[PDB]
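Chains as they are written, first to last, in PDB author numbering: chain EA, 5 to 50; chain KH, 77 to 98; chain IC, 77 to 100; chain LC, 77 to 100; chain KC, 77 to 98; chain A2, 165 to 218; chain AA, 6 to 83, 104 to 317, 319 to 327.
For every residue, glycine included, the Cβ atom is placed at its ideal position computed from N, Cα and C.
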Amino acid sequence: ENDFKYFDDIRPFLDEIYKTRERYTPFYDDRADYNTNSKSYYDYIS
Amino acid sequence: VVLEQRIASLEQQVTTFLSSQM
Amino acid sequence: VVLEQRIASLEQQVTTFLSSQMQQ
Amino acid sequence: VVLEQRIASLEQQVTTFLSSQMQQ
Amino acid sequence: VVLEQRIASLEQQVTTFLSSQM
Amino acid sequence: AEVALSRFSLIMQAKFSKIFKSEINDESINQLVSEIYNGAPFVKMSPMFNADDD
Amino acid sequence: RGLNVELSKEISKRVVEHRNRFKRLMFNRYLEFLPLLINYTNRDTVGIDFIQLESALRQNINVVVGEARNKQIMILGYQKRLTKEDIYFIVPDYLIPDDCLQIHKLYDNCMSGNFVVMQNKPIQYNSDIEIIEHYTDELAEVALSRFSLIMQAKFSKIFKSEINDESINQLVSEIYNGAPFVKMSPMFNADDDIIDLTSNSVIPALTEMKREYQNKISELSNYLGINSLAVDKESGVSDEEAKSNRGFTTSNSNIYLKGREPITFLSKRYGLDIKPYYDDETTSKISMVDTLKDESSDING
């Protein structure tokens, strides 16, 4: 039969991230210096 | 300079020969 | 002198060209 | 004196023609 | 310089010999 | 020996920082990154006294 | 087509391009020059292309000069265990000695058959392609600061008035046309109403920054031996004016010379004079003041 389209409704949302995944650099920018705060020693002994 | 002049004359003579059998 | 060296240089070149024409 | 120069010029002429067909 | 020139001639002669028996 | 002490102690504390002063989380960091150490002149800021000897 | 430009803080990308291009340019220029400083009594009698030697020496490969047919062609040469034979890699084609080679250093003074190896530096600790990377970034950001300083050192005279056609006719017919004696209304209309934006917090800053660029060039320079030293001896400006500490710049110049000392070992063998001198000459006026022999007039003019 032509059943089990659960492998198939993923398709318009699996090409989508492949489209917007690697074609970014004409559309966005690389600025603004986001800070990253990552886990000092107190979280290590946590 | 004289030697150079002689060489030039020899070259011109050769060129002249290379154009006519006479 | 130097003209004699030039005359020696030209006959050597003519002999080299004659050996270039005839096989020996 | 003049010969010393022409003799040097012709030896380089022989050496740069021997290497065109050399085993070297 | 003359000695060097003589040496060069000897070397070239040897090279020539090393290619033909004649 | 103790005058060599005083010279070494004097040049060990002769080092200099430029203190930025702002309420913390991501207001002034983007400022210094894209406009001070990258050398940029003409940085634009808010009127909220944000370099009035801040 | 595709186009949508950023802003006119494009300059804040042009500024960082000037810094980046300056570091790349100054780095590879400085090693573009550095393999020619010595040149050592240039081709007295010896068949060496010394430019090709010095370029080989600054990639630290130990070249070996010997005899080929009695005329000193270069070859490559990669407690004391002596080297004798032609085991090493040989760059020329048929000019190989095919006979007893040796190193001519300590077997005797001036006797053994010649193949002497020349080090770049006698004892090797760090490559100077790292020191040239060490200062060129520091130099790069001071060139950044100079360029950023003179790019914002530009000045306008701001007129300040309620807008539409009161003060425009003023500046047109009476400032840029140069006119003195402009008459105005009593409504405070120049009582510090026109103002100047100046950057006199920038131009005293400008000269000191150029001196920092300058002495940082000199502090890279005396490291790698390239020095203004001998003329500084005869000019009497010896210390604390040229802030260089002369005993350190005559120190780092000397290590490269005694690295190329085995060319003297070779020079003692075949009976000739080769001294590794240190080039500092630039001509047509120095060659004129050192001779003032009238044949040197017909040479130049």
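Cα-Cα separation between residue i and residue j, rounded to whole angstroms
i, j, result
"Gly296 (chain AA)", "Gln100 (chain IC)", "45 Å"
"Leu81 (chain AA)", "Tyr119 (chain AA)", "15 Å"
"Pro122 (chain AA)", "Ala73 (chain AA)", "5 Å"
"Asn65 (chain AA)", "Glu59 (chain AA)", "10 Å"
"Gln89 (chain KH)", "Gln97 (chain KH)", "12 Å"
"residue 85 (chain AA)", "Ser170 (chain AA)", "Note on chain AA: numbering goes from 83 to 104 directly, and residue 85 (chain AA) within that interval has no coordinates."
"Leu42 (chain AA)", "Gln195 (chain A2)", "46 Å"
"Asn41 (chain EA)", "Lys208 (chain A2)", "26 Å"
"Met212 (chain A2)", "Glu187 (chain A2)", "12 Å"
"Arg82 (chain KC)", "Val77 (chain IC)", "23 Å"
"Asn151 (chain AA)", "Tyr45 (chain EA)", "37 Å"
"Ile175 (chain AA)", "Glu22 (chain AA)", "16 Å"
"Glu233 (chain AA)", "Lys268 (chain AA)", "15 Å"
"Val262 (chain AA)", "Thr274 (chain AA)", "15 Å"
"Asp153 (chain AA)", "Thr161 (chain AA)", "12 Å"
"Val197 (chain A2)", "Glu191 (chain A2)", "11 Å"
"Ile49 (chain EA)", "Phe11 (chain EA)", "45 Å"
"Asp111 (chain AA)", "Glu259 (chain AA)", "48 Å"
"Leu94 (chain LC)", "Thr91 (chain IC)", "17 Å"
"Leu86 (chain KC)", "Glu87 (chain LC)", "10 Å"
"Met136 (chain AA)", "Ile128 (chain AA)", "10 Å"
Segment limits, beta strand (DSSP E) that includes residue i
i, result
"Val77 (chain IC)", "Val77 (chain IC) -> no beta strand (DSSP E), and no H or E assigned at all."
"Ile193 (chain AA)", "That residue, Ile193 (chain AA), is in no beta strand (DSSP E); its alpha helix (DSSP H) goes 193-196."
CB contact below 8 Å: residue i versus chain KC
i, result
"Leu79 (chain LC)", "no"
"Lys310 (chain AA)", "no"
"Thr91 (chain LC)", "yes"
"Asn25 (chain AA)", "no"
"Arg74 (chain AA)", "yes"
Proximity below 8 Å, CB of residue i to CB of residue j
i, j, result
"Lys14 (chain AA)", "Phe206 (chain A2)", "yes"
"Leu231 (chain AA)", "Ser181 (chain AA)", "no"
"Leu126 (chain AA)", "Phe140 (chain AA)", "yes"
"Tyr248 (chain AA)", "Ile156 (chain AA)", "yes"
"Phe55 (chain AA)", "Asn44 (chain AA)", "yes"
"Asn75 (chain AA)", "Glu80 (chain KC)", "yes"
"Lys241 (chain AA)", "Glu163 (chain AA)", "yes"
"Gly52 (chain AA)", "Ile78 (chain AA)", "yes"
"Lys283 (chain AA)", "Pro117 (chain AA)", "no"
"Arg285 (chain AA)", "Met143 (chain AA)", "yes"
"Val227 (chain AA)", "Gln177 (chain AA)", "yes"
"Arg63 (chain AA)", "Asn9 (chain AA)", "no"
"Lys300 (chain AA)", "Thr108 (chain AA)", "no"
"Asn270 (chain AA)", "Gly250 (chain AA)", "no"
"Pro287 (chain AA)", "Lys130 (chain AA)", "yes"
"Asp49 (chain AA)", "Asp298 (chain AA)", "yes"
Chain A2 within 8 Å of residue i, Cβ atoms only
i, result
"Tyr32 (chain EA)", "no"
"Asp37 (chain EA)", "yes"
"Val167 (chain AA)", "no"
"residue 2 (chain AA)", "Past the edges of chain AA, shown from 6 to 327, lies residue 2 (chain AA), and the structure says nothing about it."
"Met313 (chain AA)", "no"
CB contact below 8 Å: residue i versus chain LC
i, result
"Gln97 (chain KC)", "no"
Identified DSSP bridge partners for residue i
i, result
"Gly71 (chain AA)", "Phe140 (chain AA)"
"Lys182 (chain AA)", "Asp221 (chain AA)"
"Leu81 (chain AA)", "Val68 (chain AA)"
Contact with chain IC by residue i, beta-carbon distance below 8 Å
i, result
"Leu86 (chain KH)", "yes"
Below-8 Å beta-carbon distance, residue i vs any chain AA residue
i, result
"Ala204 (chain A2)", "yes"
CB contact below 8 Å: residue i versus chain A
i, result
"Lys14 (chain AA)", "Looking for chain A here will not work: the only protein chains present are EA, KH, IC, LC, KC, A2 and AA."
Boundaries of the alpha helix (DSSP H) in which residue i is found, first to last residue
i, result
"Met176 (chain AA)", "153-176"
"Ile16 (chain AA)", "16-38"
"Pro117 (chain AA)", "Where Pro117 (chain AA) is concerned, there is no enclosing alpha helix (DSSP H), given that its DSSP letter is neither H nor E."
"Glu321 (chain AA)", "321-326"
"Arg271 (chain AA)", "271-277"
"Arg236 (chain AA)", "228-246"
"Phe290 (chain AA)", "287-294"
"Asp19 (chain EA)", "19-26"
"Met313 (chain AA)", "311-314"
"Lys258 (chain AA)", "254-260"
"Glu59 (chain AA)", "55-62"
"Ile49 (chain EA)", "45-49"
Contact with chain EA by residue i, beta-carbon distance below 8 Å
i, result
"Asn194 (chain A2)", "yes"
"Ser198 (chain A2)", "yes"
"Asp216 (chain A2)", "no"
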